[PDB]
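Undergrad: as they sit in the full assembly, here are the leading chains:
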Amino acid sequence: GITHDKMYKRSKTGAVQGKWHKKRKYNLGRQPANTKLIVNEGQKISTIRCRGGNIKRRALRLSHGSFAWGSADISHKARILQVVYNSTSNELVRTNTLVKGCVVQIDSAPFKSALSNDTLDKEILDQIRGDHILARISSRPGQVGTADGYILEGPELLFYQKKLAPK
Amino acid sequence: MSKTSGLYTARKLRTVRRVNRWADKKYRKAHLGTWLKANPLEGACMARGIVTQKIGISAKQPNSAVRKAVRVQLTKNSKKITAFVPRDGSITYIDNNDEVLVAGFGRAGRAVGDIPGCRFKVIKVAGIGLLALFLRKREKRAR
Amino acid sequence: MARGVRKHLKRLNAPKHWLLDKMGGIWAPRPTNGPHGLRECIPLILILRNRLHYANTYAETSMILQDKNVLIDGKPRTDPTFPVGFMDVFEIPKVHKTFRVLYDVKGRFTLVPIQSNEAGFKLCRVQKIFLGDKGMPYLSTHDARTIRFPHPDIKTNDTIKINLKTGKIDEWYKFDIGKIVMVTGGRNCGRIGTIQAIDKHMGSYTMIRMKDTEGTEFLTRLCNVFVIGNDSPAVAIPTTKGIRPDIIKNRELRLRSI
């Protein structure tokens, strides 16, 4: 089936190497999970029997995740609203597909329920008084079956704000 | 001198010999491949064929004789050759449309003696050696 | 490529220092995984059948072992292919024979008979220190044994004395210049000498220079240098004291024995 063996490629000179054996099971790959944001329907996670009896779980649908505000040391479980930016391609954004590095909007309730009363960074607080907070994804859905991340801070926040503001 | 002799000149010497060793007739005949594709026996000690015509061939100018030979067709090639049965009075033992085994002469693929354009020898007919039939060790009453 | 692990062993592919006859058969015993590896071990049956000669076949050895007639480090072993290695204790109570497995100068395994006073322990080489679960310090050895909570004063390549009955450390010998050692690998297996120099190369092997009692000097890598005490051996050693004779003297000895 799908394989990642290098025998089917060309050489550094651009030559055809040739083939000397049939396909092997060590060098196989699998179809992508394509984890979807929920926005019969519910959280669905599958399990994969990998080499050595090891277990791998890929998420197909999920709606929640753990997010951390590093500067203030605040962490809660929050609901993810939608994906708003992705560097690889805009098609993933349109489909609300979750991958590592996606930029998402989370609900503000778990944070505002305790914030807006202590001196901290102005920008995060302005986000808090609203409905959503900009954030990022740091885990790998499709390998561990989870979608965690962290709240954006300084220069990267400015970068992404300037990116998505005109839209 | 005429030949290169520097300490870092192995490549040139190898290439020179590689190119120049193709000028020997023997080396070409052995390592070129044309002879193998042209030899009806394809590098075999001897072959098996069917005799189809019994003929006599004159000798060369300084000699005077008619040598006895037969025309053969090889089973595994379907091509034609001329093979010569030397021993005295051994033509009468060979009959038309008979199974024969044909080998070579002393020289690899050149003509031998005053026989013109003949390079093969008959050794077995109908499964019995001709040398044995000539000495009366056995008889061909099966044919 | 074989689809899995290997279970057989051709006789011609067996280690040389086992001394197996070419015409004995197509096959040789395949040792099972255990305290020692394939190339630093010798199967039990070879000792019990081709040396001591208490058995003449595989079957007799099987009966003897399954009747519990040999103890290895205080534990009965019923496997004819169990691997025996260096500085192991071989006791047969039925005949009151006790042996310690060591190396001869020629580079082969030998059985040195011992006493009762020194058969309650063994020497082990520590070559790996690591943190296990919960950050608990650990320590491993050449015979595939691990000990938790070792003394901080014990470092790598040191030598450790452990009671056979209880795997508890008593005293330890450091790897240092001036300590008697015994070579356990390579061209110099079975030689005994004292460390004279230590030279390290960043990212490569560390070479140890040793001098024999007679003044001969030899080199070997640190991976097969075993400490056996502080200037004097801690255990009984073969009749010869780790001296390899030259071919001439060996020939003289052979002629004398002829």
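TA: Perfect, thanks for sending it. Numbering: from 1, shown residues only, chains lettered A, B, ... in the order given.

Undergrad: which strand in chain A has the most residues?
TA: Longest strand in chain A, counting residues (DSSP state E): strand A:74-85.

Undergrad: for chain B, longest helix please?
TA: Scanning chain B for the helix with the most residues, using DSSP state H, yields helix B:10-20.

Undergrad: residues touching it, excluding its own?
TA: B:3-4 (CB atoms under 8 Å, 6 or more residues apart in numbering or on different chains). (Each C-beta comes from the backbone N, C-alpha and C, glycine too.)

Undergrad: next one: that helix to chain centre, how far?
TA: Remark: helix B:10-20 is offset 35 Å from the chain centroid, using CA atoms, centre = their mean, to the nearest Å.

Undergrad: which helix or strand lies directly C-terminal to it?
TA: Following helix B:10-20 in sequence order, the next helix or strand is helix B:25-31 (DSSP states H and E).

Undergrad: who's in contact with that next one?
TA: B:21-22, B:35.

Undergrad: again, 10 Å this time
TA: B:21-22, B:24, B:34-36, B:108-109 (CB atoms under 10 Å, 6 or more residues apart in numbering or on different chains).

Undergrad: looking at the residues you listed, which is nearest residue A:147?
TA: If you rank the contacts of helix B:25-31 by distance to residue A:147 using CB to CB, residue B:36 comes first, at 70.8 Å.

Undergrad: quick one on the thing from earlier: which parts of the longest helix of chain B are buried?
TA: Judged by neighbour count using 16 or more other CB atoms under 10 Å in any protein chain shown, helix B:10-20 contains no buried positions.

Undergrad: what do you get for stretch B:65-75?
TA: Here stretch B:65-75 shows B:67-72, B:74 as buried, counting by 16+ other CB under 10 Å.

Undergrad: from the chain's centroid, how far away is it?
TA: Using CA atoms, centre = their mean, the offset of stretch B:65-75 from its chain centre is 12 Å.

Undergrad: add chain D to the structure above, sequence below:
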Amino acid sequence: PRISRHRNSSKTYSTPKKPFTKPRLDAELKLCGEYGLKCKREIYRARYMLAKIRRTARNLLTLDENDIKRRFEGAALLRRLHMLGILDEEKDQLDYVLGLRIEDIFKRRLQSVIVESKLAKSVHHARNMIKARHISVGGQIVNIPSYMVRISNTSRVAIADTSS
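TA: Now chain D, sitting on the chains shown earlier:
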């Protein structure tokens, strides 16, 4: 595979490069008559062994006297030659070996030793007697004519006790 595949084997003799040589034929026939040899394979065997010894001696002689390998190999070779009686005892230098010759090999055959002991009338008689198993070496019956006797067994060769 069968264990019989690992059994070794080799030839033991060499044929001359030029066969039809009159002096060689004369000398070979002369030697065959003198020692009553069966065929000419025995002479070829003797020449083979002599060549082996000579080559070993050459290789050792090329080296220095104080070479450990030279001492070891020369000592072994001299001991073998002395034990076999081919070389005289009083010679203990590697140079003397190169002067050896096949006749010295022949003189140590069983036929020869029993003939010089006056135990047989002739080499042919010796061979006939050996075949019939009327002879013994050290109390053991030997029926191989080409059997070579060591010096220590020279006085131990006698007639078989059980022979008629």
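
Undergrad: same as before for the contacts of helix B:10-20, with chain D this time.
TA: Residues contacting helix B:10-20 (CB under 10 Å, 6+ apart): B:3-6, B:9.

Undergrad: change it to 7 Å
TA: Applying CB atoms under 7 Å, 6 or more residues apart in numbering or on different chains, the external contacts of helix B:10-20 come out as residue B:4.

Undergrad: contact residues of chain C facing chain D?
TA: Within chain C, the residues that sit near chain D (CB under 7 Å from any CB of the partner chain) are C:22-23, C:26, C:247-248.

Undergrad: switch the cut-off to 8 Å
TA: C:12, C:22-23, C:25-26, C:246-248, C:251 (CB under 8 Å from any CB of the partner chain).

Undergrad: let's have the residues you listed in JSON lines, adding secondary structure and distance to residue A:120.
TA: Output for those, formatted as JSON lines (DSSP: H, G, I helix; E, B strand; the rest coil; distance: CB to CB, whole Å):
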{"residue": "C:12", "secondary structure": "helix", "distance to residue A:120": "77"}
{"residue": "C:22", "secondary structure": "coil", "distance to residue A:120": "83"}
{"residue": "C:23", "secondary structure": "coil", "distance to residue A:120": "87"}
{"residue": "C:25", "secondary structure": "coil", "distance to residue A:120": "81"}
{"residue": "C:26", "secondary structure": "coil", "distance to residue A:120": "80"}
{"residue": "C:246", "secondary structure": "coil", "distance to residue A:120": "84"}
{"residue": "C:247", "secondary structure": "helix", "distance to residue A:120": "85"}
{"residue": "C:248", "secondary structure": "helix", "distance to residue A:120": "89"}
{"residue": "C:251", "secondary structure": "helix", "distance to residue A:120": "91"}
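
Undergrad: farthest pair in these?
TA: C:26 and C:248 (38.3 Å).

Undergrad: returning to what we had before: any idea which helix or strand comes after the longest strand of chain A?
TA: helix A:90-95.

Undergrad: before we move on, the earlier item: of the residues of chain C next to chain D, which is the most crowded?
TA: residue C:251 (15 neighbours; other CB atoms under 10 Å in any protein chain shown).

Undergrad: tack on chain E:
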Amino acid sequence: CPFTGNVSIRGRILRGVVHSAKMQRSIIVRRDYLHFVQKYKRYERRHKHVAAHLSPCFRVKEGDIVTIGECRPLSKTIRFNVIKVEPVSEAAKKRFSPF
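TA: One more chain to add, chain E, which I have set with the ones above:
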């Protein structure tokens, strides 16, 4: 980069000369060595091309001498990283330089 990045140097250290420097952060290194032929009792000069990653901390032009350290596979043809550069002077004649 081996200094500010997340790779480790392990294995063999080698030396060579710069042959090309056209890619964004990669170069081609030329290595020269000798091969002996027993029949003719003489040598041949051989060379090989080895690609390496060049970090922005180094400035390199053709003919420079570099020291490369072995790393994990970084791409299809790259397993080495530059760790030292020694400049070479202007218009210096190309010379056979085993290292």
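
Undergrad: once more on the contacts of helix B:10-20, this time with chain E?
TA: In contact with helix B:10-20 (CB under 8 Å, 6+ apart) are residues B:3-4, E:37, E:40, E:42-44.

Undergrad: mind running it again at 7 Å?
TA: Against helix B:10-20 from outside (CB under 7 Å, 6+ apart): B:4, E:37, E:40, E:42-44.

Undergrad: mind listing what's buried in stretch C:33-45?
TA: Buried-residue list, stretch C:33-45, by 16+ other CB under 10 Å: C:34-36, C:41-45.

Undergrad: confirm that residue C:17 sits in a helix.
TA: Yes - per DSSP: H, G, I helix; E, B strand; the rest coil, residue C:17 lies within a helix segment.

Undergrad: and the residue of chain B found nearest chain E, how close does it get to chain C?
TA: Of all residues in chain B, the one sitting closest to chain E is residue B:10 (3.9 Å; CB to the nearest CB). From residue B:10 across to chain C, the span is 33 Å (CB to the nearest CB, to the nearest Å).

Undergrad: please apply the same query to residue D:107.
TA: 27 Å.

Undergrad: helices of the chain, start to end?
TA: Going with chain A. Going by DSSP H, chain A shows helices at A:90-95, A:109-112, A:122-128, A:155-164.

Undergrad: chain C, not that one
TA: Counting by DSSP H, the helices of chain C are C:44-45, C:58-66, C:247-257.

Undergrad: which helix or strand contains residue D:82?
TA: Using DSSP H and E, residue D:82 falls in helix D:68-84.

Undergrad: okay, the angle between that helix and helix C:247-257?
TA: Between helix D:68-84 and helix C:247-257, the angle comes out at 30 degrees (axes from the mean of the first three to the mean of the last three CA atoms, to 10 degrees).

Undergrad: give me the contact list for helix D:68-84.
TA: Taking CB under 7 Å, 6+ apart as the rule, helix D:68-84 contacts C:247-248, D:56, D:60, D:63-64, D:87, D:89, D:92, D:94, D:97, D:108, D:148, D:150-151.
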